[PDB]
Amino acid sequence: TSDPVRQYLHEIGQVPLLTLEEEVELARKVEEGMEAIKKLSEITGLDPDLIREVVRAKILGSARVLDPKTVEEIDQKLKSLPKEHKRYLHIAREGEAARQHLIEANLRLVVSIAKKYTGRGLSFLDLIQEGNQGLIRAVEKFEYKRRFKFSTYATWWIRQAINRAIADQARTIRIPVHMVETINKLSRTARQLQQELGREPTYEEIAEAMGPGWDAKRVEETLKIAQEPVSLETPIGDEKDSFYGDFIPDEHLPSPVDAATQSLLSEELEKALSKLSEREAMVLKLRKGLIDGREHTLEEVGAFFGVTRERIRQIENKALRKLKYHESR
Amino acid sequence: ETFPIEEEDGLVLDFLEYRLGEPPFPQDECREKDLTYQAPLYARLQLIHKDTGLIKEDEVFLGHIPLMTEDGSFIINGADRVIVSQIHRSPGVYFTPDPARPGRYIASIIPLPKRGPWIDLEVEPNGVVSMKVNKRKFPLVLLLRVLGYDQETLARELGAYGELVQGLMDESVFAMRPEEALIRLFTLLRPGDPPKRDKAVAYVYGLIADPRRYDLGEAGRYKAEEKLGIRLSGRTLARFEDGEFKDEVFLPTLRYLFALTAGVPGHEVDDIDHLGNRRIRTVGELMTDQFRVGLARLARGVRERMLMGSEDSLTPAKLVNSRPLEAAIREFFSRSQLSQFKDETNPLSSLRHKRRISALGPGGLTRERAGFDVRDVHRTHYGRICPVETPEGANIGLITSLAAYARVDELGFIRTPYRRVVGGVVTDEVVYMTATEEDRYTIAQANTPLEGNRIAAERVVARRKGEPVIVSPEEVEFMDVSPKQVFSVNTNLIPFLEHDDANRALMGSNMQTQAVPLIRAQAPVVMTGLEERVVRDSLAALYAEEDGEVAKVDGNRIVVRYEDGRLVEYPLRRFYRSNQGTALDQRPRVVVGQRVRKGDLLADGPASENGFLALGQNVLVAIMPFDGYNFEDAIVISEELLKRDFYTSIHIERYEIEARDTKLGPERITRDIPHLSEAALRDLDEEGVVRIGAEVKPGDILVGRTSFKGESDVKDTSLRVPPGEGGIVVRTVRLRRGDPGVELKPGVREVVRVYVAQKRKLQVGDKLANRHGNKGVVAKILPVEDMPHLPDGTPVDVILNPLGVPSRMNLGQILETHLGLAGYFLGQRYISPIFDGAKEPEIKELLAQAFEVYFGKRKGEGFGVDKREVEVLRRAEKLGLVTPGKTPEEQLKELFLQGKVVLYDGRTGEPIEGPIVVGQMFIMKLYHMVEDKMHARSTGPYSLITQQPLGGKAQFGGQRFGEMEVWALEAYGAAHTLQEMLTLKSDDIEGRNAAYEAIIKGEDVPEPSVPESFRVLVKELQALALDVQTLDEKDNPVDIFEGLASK
DNA sequence: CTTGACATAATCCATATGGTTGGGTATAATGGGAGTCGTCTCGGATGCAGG
DNA sequence: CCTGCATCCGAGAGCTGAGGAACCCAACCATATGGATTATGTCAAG
Ligand SMILES: Nc1nc2c(ncn2[C@@H]2O[C@H](COP(=O)(O)OP(=O)(O)OP(=O)(O)OC[C@H]3O[C@@H](n4cnc5c(N)ncnc54)[C@H](O)[C@@H]3O)[C@@H](O)[C@H]2O)c(=O)[nH]1
Ligand SMILES: Nc1ccn([C@@H]2O[C@H](COP(=O)(O)CP(=O)(O)OP(=O)(O)O)[C@@H](O)[C@H]2O)c(=O)n1
Ligand SMILES: [Mg+2]
Ligand SMILES: [Mg+2]
Ligand SMILES: [Mg+2]
């Protein structure tokens, strides 16, 4: 019941493997069905992708949920093909069925490859699913004309999909693929250098061993960005009562002391302005962002009163001297 | 065991030998630079190709292994740590009564932890025997068929025992071949998995027959061999030889089960708490288990690389990745519950920590699940585990201590020594026995009277399987070595322990470990005779290696010239901060030109006086009430103790800061700090660090630092003295990038540490304790003229309340006080071993001599008896303490022999109406100091999510008002106070801002609002797809978010 | 209270560099792996046994 | 068909304090840097 790994393995084992004849037959059908799809694209004049999707939708059946109406209209549009041309549609249907059978039969290679990537930030089932994605890519791109076995071409794509998924999804803070490769290369070089030196190498030794374009500072930055975050729920102490996040203060919201200081400062500014004339206080508030938060320029404040900018500036300097007097007073 | 790492059908990697190099850094450098004191481990291996025979041999570096110091601890990441031993169930074969059904038994096979599954065997009520493994009932006859047993073999092996063998037989299984039986068993144990033959073979082999997966230890092998009376070949339950399975344990186990079920004599059930059935995993075994786990992970990696690597060009170095081994070792030495921050308050603390035994830990018991059976003192604990020393809270009985004479054998079983007795004659032969071996004999008590070395007593008290008995001397086989062997080291330091209740002896034993070293520490007046050995074995003091002569003496050095002619220099540890903040220093006790024999003391360690353990001070005490100041365990002390620097301790604190790299620019440690007058920068040096010798008070700067503010150009981020701290700066340490041996974290440019010292005198609120469990807080410090005094003018130093004695029943402190009175007037000290030491008559003779000195000294000067003494003698005559008809001097001597003297009140000059017990007592200051605990907060930091005040004194936190405090406030009907606690003081952000502003403006605080924690609760309930809505009286929505969450 | 003349910050598009992202590899490969057995009773749901 | 009876599983078990594992190759948006333009503010004067 539980343990989905066993369930998936059982469902994979329910599908029998393939022999050389069956494998080559399926690959040939897939290629010829794709050729038939493109020939139908030329015949009807419509986009090849859309007819591919309607053929696939009609094959997969109602059970699998572009919509029924358009697939039906274009499927009936496919029924106006005189003769020697509906054979292409039959070949395409057989090819899509062959593709499904090929994927189902070769699912076990995905598991065999993916079982050696555990312990790198992704669970077994996730690796299996990404390997399945790579297997679909391999099926689509396979060329039987080269007489090579299917698994020979499939392994490369499965491994590439697994590696790319690991680079994309293993970290909470996403690090680009090239930087992931750089971090892996740094770690491998450090491990080999430590094995040679008999101790942990210093950053200068790693910088020398990386090659041209690497100094100790760059190694330090690279190692710094490779640090992964720790959990706020990490238990501190033996008893299950203390967490890490219990020791972290909030630095964003203003403190009661800070809020009281700001309130008193606003009251003091209001008193200082009310000491001045109301007109000059309004001009100061407009210019210093006290009416509407935003700071104005002299032209805007003057335009409010229909006066030039320099008159606003001079009356603001008179109000500044008045502030000097009031502070002295 | 892990090697050879064979690869499947090829390459074979085989281990040859290993070596350990020398540490790259010494112990003190490891402590200073925050490094691990370790040694490199090198393994020489050879890779052999299966067919070619081409052998490539290479020595590969595997990493570092931590090294134990001489005293028995480790230096991990610069911190001193101790690995605590673990007690657990011994592996082997056990038989226990069936709890549900009487008359039936369950057999259990138990391997080493994480080395196989527990296997149960049980006779089902329908007659078929069934084995449970991995929670899977199935018939044992199936596995017996797999192991290659015929009907005739089983019938002849178990025919005797009756109908059990008939219940065993089953013809359906027996018609199959061991291959068919193997497949059938595999399909029961792994239902659904395709039943390939080699797959089933591999699974069953790994279940019971693979030495790399299943492992009965050497202890389990020994226990099984002795219990079942058979011989093991290895450590597995079965062998895989010639392609088939051979049984080793199963049939003997089932035969024992049947014989026990049939009532056959010579078969018994097992006591799982018996100390012959429980064993100790020490530091070496735990470390080796973690090492084995790491080695298995390394083997897995090696096999993977063998499969993937180019077989033509491959070497041992390329195959081996040593990261898993290092990771396993680091995990064990840094995160294992059994790896603990070493307790070094005083040398006895560390010694006790090293001898600890724990039932908890990885694979151990759980503190909430352990019920009664594991916390009990078993009869087999006698001489092996101390019945007294254990924690008082929820860990009682789960953490214990090794007994003083006990030894953990090579198999993990605790052994204790006994003298051999032959023909009523006690000999010098000493035999160390396990509990199982001990159970076979009659063991006499160590206090048995002897004449020469012959038992001179017609009736001897003895133990037979723990049962007390009275026997003749002939029936005695062994005798105990000493009473000391029953108790732990800490409990062996309590004199007159036989007069103390066990609970208070527990308290005394535990409290001796919290004693703080004192600058004028003294050895106890009454000792048990074990102080010197404790000091010597803690490696705290310095002793001469050989006979020689002292050449140079200094406060930091002793140079000795040995008879070999070689000069040897011993540096002295001076003012060093322990893990607990106490100062540990060594002080020279030798002079230039002095001759020293082998083992002679050269320097005293912390809490040591001339090589004796010195945990406190000997003070003059009176046992009497005093104006309610010693009410309910409080203590009154004299100011004269403070005047002569008694109970004065030295404490050191470490403050650390870092300058790192930031996106807005690097931080820097410097003196150039803005917005501070030169009064705030007096003590800083030219590099921005406080100078050595400067006094620092709360608010003073220790290290200057500036950070780039940004915020749309530098700001103060200096290190300051926290509230309630300060003292004299004694040390500064700076670690910079690139410095040899330094390993900073990425981004950290430098780190600066400052060591600040304090000289703490005794004050009100400090905790004092004696060795008998009497503990109390100092409540009053009186001037000398107010203290009660003897008629010769001598004041007492300490007043203890007599009400603490009768219900605690620790009478040993009274006898200690009497002997201390005798020693105080006679000027001597005493060694009184536990259960064999001073008795009342000897104390009375010593008191008679002491009274002759104490009274003849007065009579010589030309003084008679005081009038006040006559009045007190009249009162005591009425009390029945003295016999009527004697002279005043005779009655005074009669009182003195009872340990009582006439005492005068310093406030009035009138005598206390009755004689008062006065004498010398050994009292220690405890690490619980009121200085470190007083804390208060008005406002401060708040937590990220709940927006509530943080916890802890270090974080400037607030007190928790929990559920029962809320219950009390509700029971008072104090609604407004409770609402204030819930909102205005914890997490009503607008409410607390407004309250603070109103208070500083002189108004009263406004009404509170919805606390932030309830908004968090609403949001967390929405995340579970639940619509929580607040409604008014008309069932219309009320928006508690002020409109911030409505689109 | 304007009126006028530089002297700069703030915005505006035009590219040019690094950083980032998508694609590709062809002998053949075909179902995983750690783990855990020392709680105690109690209460409801439930499959199994009898009548 | 009812009923009772072990059977299984789930949710509980005092508070406060202190405590810390591939590599490469090629196209492509994003952001940065330059130069020129757009209002902003000052120094001098009428
Ligand atoms: N509310 C509580 N108060 C407690 C508790 N334990 C003690 N106390 C009070 O402290 C008083 C003095 O404590 P004591 O001198 O016994 O404590 P020590 O610090 O000397 O420790 P030990 O007696 O040696 O052993 C106590 C053990 O239990 C731990 N302990 C120590 N203090 C506590 C507290 N407060 N809460 C919970 N657990 C506590 C501590 O870590 C130890 O492992 C005592 O009379 C009580 O009034 C306790 O568990 N809860
Ligand atoms: N786990 C714990 C341990 C202790 N405590 C509290 O600490 C007190 C002292 O217990 P104690 O054993 O130190 C003395 P006490 O019981 O007061 O003795 P007396 O009759 O001789 O005066 C208890 O009474 C509880 O209030 C607790 O709440 N939870
Ligand atoms: Mg206590
Ligand atoms: Mg009490
Ligand atoms: Mg108390």
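Every chain is numbered from 1, with letters handed out A, B, ... down the list of sequences. These numbers come from the heavy atoms of this one structure, side chains and all, not from hydrogens, waters or symmetry mates.
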Check every strand shown and say whether [X] touches a base, only sugar-phosphate, or nothing at a heavy-atom separation below 4.0 Å.
{"X": "A:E310", "answer": "base"}
{"X": "B:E965", "answer": "nothing"}
{"X": "B:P113", "answer": "nothing"}
{"X": "A:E143", "answer": "base"}
{"X": "A:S187", "answer": "sugar-phosphate"}
{"X": "B:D273", "answer": "base"}
{"X": "A:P176", "answer": "sugar-phosphate"}
{"X": "B:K953", "answer": "sugar-phosphate"}
{"X": "B:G951", "answer": "nothing"}
{"X": "B:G364", "answer": "nothing"}
{"X": "A:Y8", "answer": "nothing"}
{"X": "A:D238", "answer": "nothing"}

Could you tell me which non-hydrogen atom of A:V177 sits nearest to which non-hydrogen atom of A:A167, and how far apart they are?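 Heavy atoms only, the tightest pair is CG2-CB, 3.7 Å.
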Donor-acceptor contact below 3.5 Å, side chain B:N579 vs main chain B:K342: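 Such a contact is found between B:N579 side chain and B:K342 backbone.
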If I take atom [atom1] in residue [X] and atom [atom2] in nucleotide [N], what distance separates them, rounded to the nearest angstrom?
{"X": "B:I109", "N": "C:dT36", "atom1": "CD1", "atom2": "P", "answer": "20 Å"}
{"X": "B:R937", "N": "D:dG17", "atom1": "CZ", "atom2": "P", "answer": "13 Å"}
{"X": "A:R191", "N": "D:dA21", "atom1": "CZ", "atom2": "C1'", "answer": "7 Å"}
{"X": "A:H178", "N": "D:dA27", "atom1": "NE2", "atom2": "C1'", "answer": "15 Å"}
{"X": "A:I158", "N": "C:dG23", "atom1": "CD1", "atom2": "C1'", "answer": "17 Å"}
{"X": "A:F142", "N": "C:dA28", "atom1": "CZ", "atom2": "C1'", "answer": "12 Å"}
{"X": "B:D210", "N": "C:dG35", "atom1": "CG", "atom2": "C1'", "answer": "15 Å"}
{"X": "A:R164", "N": "D:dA21", "atom1": "CZ", "atom2": "P", "answer": "16 Å"}

Assign each of A:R188 and A:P235 to its nearest nucleotide of DNA chain D by heavy atoms, then name whichever residue's nucleotide is nearer the 5' end.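 With A:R188 and A:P235 compared, the 5'-side residue is A:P235.
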More than 12 foreign heavy atoms under 6.0 Å from CZ of B:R212: is that the case here?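 Counting neighbours around CZ of B:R212, more than 12 heavy atoms of other residues, nucleotides or ligands fall under 6.0 Å, so yes.
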Whether C:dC12 and D:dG35 form a base pair should be assessed as Watson-Crick or G-U wobble, both distances under 3.5 Å. Do they?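 So C:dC12 is base-paired to D:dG35.
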Does C:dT15 pair up with D:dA32, Watson-Crick or G-U wobble, with both distances inside 3.5 Å?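 Yes; the pair between C:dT15 and D:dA32 satisfies the definition, which requires both distances under 3.5 Å.
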Using OP1 and OP2 only, check whether a side-chain N or O of [X] sits under 4.0 Å from [N].
{"X": "A:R313", "N": "D:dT40", "value": "no"}
{"X": "A:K149", "N": "C:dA29", "value": "yes"}
{"X": "A:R311", "N": "C:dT2", "value": "yes"}
{"X": "A:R287", "N": "D:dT40", "value": "no"}
{"X": "B:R367", "N": "C:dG38", "value": "no"}

Checking base pairs now: Watson-Crick or wobble, both atom distances under 3.5 Å. What partners [N]?
{"N": "D:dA21", "answer": "none"}
{"N": "D:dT42", "answer": "C:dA5"}
{"N": "C:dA29", "answer": "none"}

Salt-bridge criterion met for A:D238 and B:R367 (N-O under 4.0 Å):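 The answer is no: the pair does not qualify as a salt bridge.
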Students should be able to answer this: classify the pucker of C:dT3 from the sign of its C1'-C2'-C3'-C4' torsion, north or south.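 That sugar belongs to the south family, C2'-endo side.
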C1'-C2'-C3'-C4' based pucker assignment for C:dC1: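 Here the torsion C1'-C2'-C3'-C4' comes out negative, placing C:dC1 south.
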Side chain of [X] - closest among [options]:
{"X": "A:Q160", "options": "C:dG32, C:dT25, C:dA29", "value": "C:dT25"}
{"X": "A:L17", "options": "C:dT30, C:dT20, D:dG41", "value": "C:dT30"}
{"X": "B:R960", "options": "D:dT40, D:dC23, D:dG17", "value": "D:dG17"}
{"X": "A:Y153", "options": "C:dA26, C:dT30, C:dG35", "value": "C:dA26"}

Can you check the distance between C:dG32 and D:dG19, where both ends of the measurement are the P atom (answer in whole Å)?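 Going atom to atom, P in each nucleotide, I get 50 Å.
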When you compare D:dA13 with C:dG35, how far apart are their P atoms, in angstrom units rounded to a whole number?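 These two P atoms come out 28 Å apart once rounded.
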Should D:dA27 be called syn or anti, with syn set as within 90° of 0?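 Anti conformation here, the glycosidic angle of D:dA27 being more than 90° from 0.
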For the residue pair A:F150 and A:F142, is the inter-centroid distance of their aromatic rings smaller than 6.0 Å?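 Aromatic pair counts; centres sit under 6.0 Å.
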Taking C-beta and beyond as the side chain, do B:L237 and B:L216 meet within less than 4.5 Å on heavy atoms?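 When only atoms from C-beta onward are counted, B:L216 and B:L237 do touch, with a gap below 4.5 Å.
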